[PDB]
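Right, one structure below, let's go through it.
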Amino acid sequence: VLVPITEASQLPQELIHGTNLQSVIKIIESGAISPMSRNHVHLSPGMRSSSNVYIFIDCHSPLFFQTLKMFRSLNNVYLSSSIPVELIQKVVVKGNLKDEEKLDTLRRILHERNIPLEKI
Ligand SMILES: NC(=O)c1ccc[n+]([C@@H]2O[C@H](COP(=O)([O-])OP(=O)(O)OC[C@H]3O[C@@H](n4cnc5c(N)ncnc54)[C@H](O)[C@@H]3O)[C@@H](O)[C@H]2O)c1
C-alpha cells in the first residue's frame, strides 16, 4: 500500500533514480524519466546493484508538487509520476573507461540544459 507525499517537509534529503549510462542519455533526450513498464518512476531515498548512474531530483524546486504526483510505500521507496529532466538536480556517474564517448555526449546535453554532471 502507498501513502501520499504532498509537502516538501516529507521529502527525504535526496531522491535518487538509479540507472545506467545508456538510459540516462535516452532520459535526457526524451525529456523525462518515465514509469515505463511500472505505473510509477521508482526513487531511492538518500537500487539495482548494476546501477552506475544516479539522477538526483531537486526536492527544493518550488514547482515540485505542481510537476509530480508523489507516493511512498511502507518500505520507504518513493513512486512518482513522469519526472521532467528540468526537475533533475544533478547527475552522478561512476566512470568506466569503456563509456568515455557517451559521457562526452551526456556532458553536452546536460550543459545544454544546465544540469550539472559529476563524474566520480
Ligand atoms: N531506480 C531506482 O533508483 C530505484 C529506487 C528504489 C527502488 N528501486 C527498485 O528497482 C525496481 C524498479 O526498476 P527500475 O527503477 O530500474 O525501473 P524499471 O525496472 O521499471 O525499468 C525502467 C528503466 O527505464 C529507464 N527509463 C526511464 N525513463 C526513460 C526514458 N525516458 N527513456 C529511456 N529509458 C528510460 C529507467 O531508468 C529504468 O532503467 C523495483 O524493484 C524498485 O523497488 C529502484
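Every chain in the C-alpha cells takes a letter, A first, then B, and so on in the order presented; its residues are numbered from 1, and the ligands are numbered from 1 following the presented order.
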Margin query: Which of region 1-117 of chain A end up as helix (DSSP H, G or I) when DSSP is run on this backbone - answer as a PyMOL selection string?
Written below: chain A and resi 8-10+21-30+64-67+85-87+97-112
Next item on the list: Kindly provide, as a ChimeraX atom specification, all nucleotide and amino acid residues lying within 12 Å of ligand 1, counting only C-alpha atoms and all ligand atoms.
Entry: /A:14-57,72-85
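Minimum atom-to-atom distances from A:113, A:12, A:7, A:100 to residue 62 (chain A) were compared using only C-alpha atoms, and the lowest value belongs to A:7.
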Margin query: Residues of chain A classed as strand (DSSP E or B) by DSSP on the backbone are to be reported as a PyMOL selection string.
Written below: chain A and resi 2-5+15-19+32-33+41-45+53-57+70-73+78-80+83-84+88-93+117-119
Go ahead and save the residues from that selection, with N, CA, C and O atoms, as a compact mmCIF listing (two decimals), in the first residue's frame.
```
# COMPACT_ATOMS: atom_id res chain seq x y z
N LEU A 2 0.39 2.33 -0.60
CA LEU A 2 1.14 3.57 -0.76
C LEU A 2 0.45 4.72 -0.05
O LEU A 2 -0.79 4.81 -0.04
N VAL A 3 1.24 5.62 0.53
CA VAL A 3 0.71 6.82 1.18
C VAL A 3 1.14 8.04 0.37
O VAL A 3 2.14 7.98 -0.36
N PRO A 4 0.43 9.16 0.46
CA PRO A 4 0.78 10.33 -0.35
C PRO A 4 1.91 11.16 0.24
O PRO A 4 2.12 11.21 1.46
N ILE A 5 2.64 11.83 -0.65
CA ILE A 5 3.69 12.77 -0.29
C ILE A 5 3.33 14.10 -0.95
O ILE A 5 3.42 14.24 -2.18
N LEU A 15 16.57 12.38 -3.31
CA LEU A 15 15.73 11.44 -4.03
C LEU A 15 16.47 11.04 -5.29
O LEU A 15 16.70 11.88 -6.17
N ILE A 16 16.84 9.77 -5.39
CA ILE A 16 17.79 9.29 -6.39
C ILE A 16 17.11 8.25 -7.27
O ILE A 16 16.43 7.35 -6.75
N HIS A 17 17.29 8.37 -8.58
CA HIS A 17 16.88 7.34 -9.52
C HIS A 17 18.13 6.67 -10.08
O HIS A 17 18.91 7.32 -10.79
N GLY A 18 18.32 5.40 -9.76
CA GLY A 18 19.47 4.66 -10.24
C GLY A 18 19.21 4.07 -11.62
O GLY A 18 18.11 3.60 -11.92
N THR A 19 20.24 4.10 -12.45
CA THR A 19 20.13 3.67 -13.84
C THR A 19 21.55 3.50 -14.38
O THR A 19 22.53 3.60 -13.64
N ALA A 32 12.17 13.24 -20.14
CA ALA A 32 11.53 12.86 -18.88
C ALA A 32 11.98 11.48 -18.45
O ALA A 32 12.25 10.61 -19.28
N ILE A 33 12.00 11.28 -17.14
CA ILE A 33 12.17 9.91 -16.59
C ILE A 33 10.74 9.39 -16.54
O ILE A 33 9.92 10.01 -15.91
N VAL A 41 7.63 6.00 -11.48
CA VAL A 41 9.12 6.01 -11.50
C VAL A 41 9.57 5.68 -10.08
O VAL A 41 9.07 6.29 -9.14
N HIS A 42 10.47 4.71 -9.97
CA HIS A 42 10.95 4.27 -8.64
C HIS A 42 12.15 5.12 -8.22
O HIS A 42 13.05 5.30 -9.04
N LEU A 43 12.12 5.61 -6.99
CA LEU A 43 13.18 6.52 -6.50
C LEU A 43 13.65 6.05 -5.12
O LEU A 43 12.82 5.68 -4.30
N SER A 44 14.96 6.09 -4.91
CA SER A 44 15.55 5.65 -3.64
C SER A 44 15.85 6.86 -2.77
O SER A 44 16.48 7.80 -3.25
N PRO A 45 15.40 6.87 -1.50
CA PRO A 45 15.75 7.94 -0.59
C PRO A 45 17.25 7.87 -0.33
O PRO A 45 17.81 6.82 -0.48
N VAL A 53 24.63 5.01 -12.67
CA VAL A 53 24.22 6.42 -12.88
C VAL A 53 23.17 6.79 -11.85
O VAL A 53 22.29 6.00 -11.64
N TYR A 54 23.30 7.96 -11.25
CA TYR A 54 22.41 8.38 -10.18
C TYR A 54 21.87 9.76 -10.51
O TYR A 54 22.64 10.72 -10.61
N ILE A 55 20.56 9.84 -10.69
CA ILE A 55 19.87 11.08 -11.02
C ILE A 55 19.25 11.63 -9.74
O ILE A 55 18.37 11.00 -9.16
N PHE A 56 19.72 12.79 -9.31
CA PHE A 56 19.15 13.45 -8.14
C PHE A 56 18.00 14.35 -8.57
O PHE A 56 18.16 15.17 -9.48
N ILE A 57 16.85 14.18 -7.94
CA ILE A 57 15.71 15.06 -8.17
C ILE A 57 15.81 16.23 -7.21
O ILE A 57 16.20 16.07 -6.05
N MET A 70 3.37 12.30 -6.06
CA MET A 70 4.38 11.56 -5.31
C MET A 70 3.74 10.63 -4.29
O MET A 70 2.76 10.99 -3.63
N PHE A 71 4.30 9.44 -4.16
CA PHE A 71 3.87 8.46 -3.17
C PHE A 71 5.07 7.84 -2.49
O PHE A 71 6.22 8.05 -2.88
N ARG A 72 4.77 7.07 -1.45
CA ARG A 72 5.77 6.38 -0.67
C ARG A 72 5.17 5.07 -0.21
O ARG A 72 4.06 5.05 0.33
N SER A 73 5.88 3.98 -0.45
CA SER A 73 5.45 2.68 0.03
C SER A 73 5.88 2.50 1.48
O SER A 73 6.72 3.23 2.00
N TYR A 78 10.03 5.63 -2.95
CA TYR A 78 9.20 6.71 -3.44
C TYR A 78 8.79 6.44 -4.88
O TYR A 78 9.61 6.01 -5.70
N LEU A 79 7.50 6.61 -5.15
CA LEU A 79 6.98 6.33 -6.50
C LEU A 79 6.40 7.63 -7.05
O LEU A 79 5.61 8.26 -6.35
N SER A 80 6.78 8.00 -8.28
CA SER A 80 6.36 9.31 -8.81
C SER A 80 5.81 9.26 -10.23
O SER A 80 6.06 8.29 -10.95
N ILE A 83 8.93 12.34 -14.47
CA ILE A 83 9.80 13.42 -13.96
C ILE A 83 10.47 14.10 -15.15
O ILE A 83 11.28 13.49 -15.81
N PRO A 84 10.16 15.37 -15.41
CA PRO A 84 10.86 16.12 -16.46
C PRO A 84 12.31 16.36 -16.08
O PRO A 84 12.61 16.69 -14.93
N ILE A 88 15.64 17.74 -12.65
CA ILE A 88 16.82 16.98 -12.24
C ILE A 88 17.82 17.94 -11.60
O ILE A 88 18.22 18.93 -12.21
N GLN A 89 18.24 17.63 -10.37
CA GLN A 89 19.18 18.49 -9.67
C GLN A 89 20.62 18.25 -10.14
O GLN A 89 21.38 19.21 -10.31
N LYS A 90 20.99 17.00 -10.37
CA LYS A 90 22.38 16.63 -10.59
C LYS A 90 22.44 15.18 -11.04
O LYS A 90 21.64 14.36 -10.59
N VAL A 91 23.38 14.88 -11.94
CA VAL A 91 23.56 13.53 -12.47
C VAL A 91 24.96 13.06 -12.10
O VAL A 91 25.95 13.72 -12.46
N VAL A 92 25.04 12.02 -11.32
CA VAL A 92 26.34 11.47 -10.87
C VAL A 92 26.59 10.14 -11.58
O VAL A 92 25.73 9.30 -11.52
N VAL A 93 27.75 10.01 -12.22
CA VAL A 93 28.07 8.78 -12.98
C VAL A 93 29.37 8.19 -12.47
O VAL A 93 30.34 8.95 -12.33
N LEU A 117 26.80 17.81 -14.09
CA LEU A 117 27.21 16.42 -14.18
C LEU A 117 28.46 16.23 -13.34
O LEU A 117 29.40 17.02 -13.44
N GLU A 118 28.46 15.20 -12.50
CA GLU A 118 29.60 14.88 -11.65
C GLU A 118 30.05 13.46 -11.97
O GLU A 118 29.26 12.52 -11.86
N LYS A 119 31.31 13.34 -12.36
CA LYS A 119 31.88 12.00 -12.65
C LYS A 119 32.79 11.61 -11.50
O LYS A 119 33.73 12.34 -11.23
```
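Between CA of residue 68 (chain A) and CA of residue 112 (chain A) the separation is 23.2 Å.
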Check: If you measure from CA of residue 11 (chain A) to CA of residue 59 (chain A), what distance in Å do you get, rounded to one decimal?
Finding: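 Spanning CA of residue 11 (chain A) to CA of residue 59 (chain A) is a straight-line distance of 6.7 Å.
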Next item on the list: Tell me, in Å to one decimal, how far CA of residue 65 (chain A) is from CA of residue 106 (chain A).
Entry: 27.1 Å
